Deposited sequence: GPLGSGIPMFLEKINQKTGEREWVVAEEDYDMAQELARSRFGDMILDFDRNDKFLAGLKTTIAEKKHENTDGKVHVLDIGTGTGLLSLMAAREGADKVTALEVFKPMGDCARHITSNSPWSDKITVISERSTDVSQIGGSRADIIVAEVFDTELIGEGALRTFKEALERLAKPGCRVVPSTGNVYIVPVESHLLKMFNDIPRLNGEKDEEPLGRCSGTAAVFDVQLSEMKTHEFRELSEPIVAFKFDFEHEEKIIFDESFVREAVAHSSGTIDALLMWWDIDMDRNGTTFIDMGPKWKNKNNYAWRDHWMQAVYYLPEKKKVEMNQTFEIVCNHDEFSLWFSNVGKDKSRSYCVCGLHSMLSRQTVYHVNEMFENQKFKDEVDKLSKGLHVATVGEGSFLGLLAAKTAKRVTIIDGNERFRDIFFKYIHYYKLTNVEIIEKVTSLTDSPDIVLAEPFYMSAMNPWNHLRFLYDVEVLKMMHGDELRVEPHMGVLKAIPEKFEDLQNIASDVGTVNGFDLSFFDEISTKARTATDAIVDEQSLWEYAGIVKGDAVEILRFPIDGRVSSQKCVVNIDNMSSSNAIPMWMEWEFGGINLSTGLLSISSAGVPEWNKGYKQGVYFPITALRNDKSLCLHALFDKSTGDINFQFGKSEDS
């Protein structure tokens, strides 16, 4: 139940929900699954699969009728598709109630009301005619992480006729081994002196959770394939005995080039009807010639072998491909075939992008030059949470005090101190335990706790506590920070937030209604996204929003600004920059090309606002921004002029 109210700043109408309804709504706010419904290719492929199987079943079984089951019906799209194009009957399940009513609602007010009936159970909990066809879009980037195996497997035994047909009928998962400095950087334990054999934290597989990334937006020069795609797994969705939760396979292939396997890229394809003619194929842009379509709710993934594996031109090599019910992982021959978890400690604290970020800074000569310059022969103190900056300062500083409140990072930092035998660094927990006045404070700033990637402003409070102790003249860097936005025309990104409307000639606008109400109730106004992964063209200069000078005091800060060039843009990115001594660190936009293509930092996610629909066509948008001394939070509202 959505409670209407009026934004007192922008006049727009918004909703809210009562605490008991919050979780329900949040879920329902995620029920769009980004661009899922606007993935016209995925739709045209389910349809086509439905045409074939409905026809062939019509033909086969004697009473020329056909009963289709839709698991995870969502808005009902897939049932509407089944009914139209022939299903005498369509029963359609959905574990999530509010999405149950949505699908009954839209499915009632329809030409196919007669044929379609919505049940709000999980497939795996049910007992009833038997189904002649099962249709289910119940996949994620890993293919199996959303329960698809059990879902088809069990539906097949209990819910469907023998000789059932299923849409999709079949799939493969492919891995491609690549050498890539880039990809390594997302997983590599930071090596302080740069050499290959440094292992200050011992060895680790890194994080086991999926690394989904848009590999289409990766630059050709950033990686080098060593071989042709390898089939890891084949799934057969029509035969329960072929669906198996825990599996392992050694796979073989012939390398077409020598190189080290820094990563294995993966994606899947599905055969919509078992004919070998109509596929959804998640191969990226650079290796997907007949069924490429941008989308975001599905993507490709990167995986890392636990140990180094080298491969040689024209020589055969093997990779062990493993899955349990929900996850895929890969390993080397003669090595433990179990799913591994970070044991190093670092993997499990830092995101992939932050791990990249730390390897980037460790390798950055220009940034390392300013640290050296600023640190020389001095006592420096570092603030941050999980920020390795202190360990650079150490190259040149007389003495470094790293202040980090998180016990787990201190242990990590103590391991770096031990492994490289650093003789000039101590670590303390609390800002107030810095009792020897340092010559300078250095920060990035980075706090792993930041609620939002554009907001590491705890730095500003830590600075004040150090000024209270040691005088307003305390030298600190960075000396100034600024929040910045820029109007951008994204190629496709915006489909994750824009209205869904009429799809394959079906009116889903009811779902836009409840989805928008849910979203206004639960979402942040400014999304977060790894913008290096999304293509587009910038439509104006970056504009300044809030600025945070460092010579105190900390102060709430207000900004109301017009953002122009929106009539041809479709999003507004936001990020932070800092003057660290004599250089500029950007957590976002790094450069813009002659043709207007922006480049973004891979080591952070950035903010993006997508114009609400009442605002889709305005030429300028009013952006109210607000930093609050009391919470350290920043709040945004976006309105008309």
Counting from 1 along the deposited sequence, what's missing? 1-8, 137-139, 653-655
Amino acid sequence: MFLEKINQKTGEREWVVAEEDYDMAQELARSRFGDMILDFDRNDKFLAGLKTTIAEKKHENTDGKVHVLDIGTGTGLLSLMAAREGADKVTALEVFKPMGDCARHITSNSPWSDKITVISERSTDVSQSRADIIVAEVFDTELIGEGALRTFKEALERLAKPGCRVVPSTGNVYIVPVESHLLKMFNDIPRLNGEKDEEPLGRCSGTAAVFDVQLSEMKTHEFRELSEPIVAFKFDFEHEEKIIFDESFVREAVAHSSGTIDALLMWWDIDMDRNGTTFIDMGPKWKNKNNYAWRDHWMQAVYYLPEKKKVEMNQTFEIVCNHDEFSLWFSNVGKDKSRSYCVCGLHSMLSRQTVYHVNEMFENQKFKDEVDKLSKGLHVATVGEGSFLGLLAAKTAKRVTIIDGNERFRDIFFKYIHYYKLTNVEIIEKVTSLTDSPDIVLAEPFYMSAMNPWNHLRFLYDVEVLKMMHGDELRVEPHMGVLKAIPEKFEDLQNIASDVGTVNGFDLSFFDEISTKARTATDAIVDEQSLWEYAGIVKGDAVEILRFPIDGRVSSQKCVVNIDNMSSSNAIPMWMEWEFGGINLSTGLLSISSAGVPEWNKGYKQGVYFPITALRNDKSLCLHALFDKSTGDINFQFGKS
From here on, numbers count along this sequence of modelled residues.
Averaging the C-alpha B factors as listed in the entry, name the stretch that ends up higher: 103-111 or 443-451. 103-111
Take the C-alpha B-factors listed in the entry for 467-475 and for 135-143, compute each mean, and give the stretch with the larger one. 467-475
Pick out which of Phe367, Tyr304, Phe96, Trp532 has the highest C-alpha B-factor in the PDB entry. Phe96
So if I compare the CA B-factors in the entry for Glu179, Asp436, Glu217, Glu360, which one is the largest? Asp436
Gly171: which third of its chain by C-alpha temperature factor? middle
Quick tally, chain-level thirds of C-alpha B-factors: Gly72 sits in the highest
The third of the chain into which the C-alpha temperature factor of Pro598 falls is the lowest
What third of its chain's C-alpha B-factors does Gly86 belong to: lowest, middle or highest? highest
Compare the C-alpha B factor of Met576 with those of the other modelled residues in its chain, then answer lowest, middle or highest third. lowest
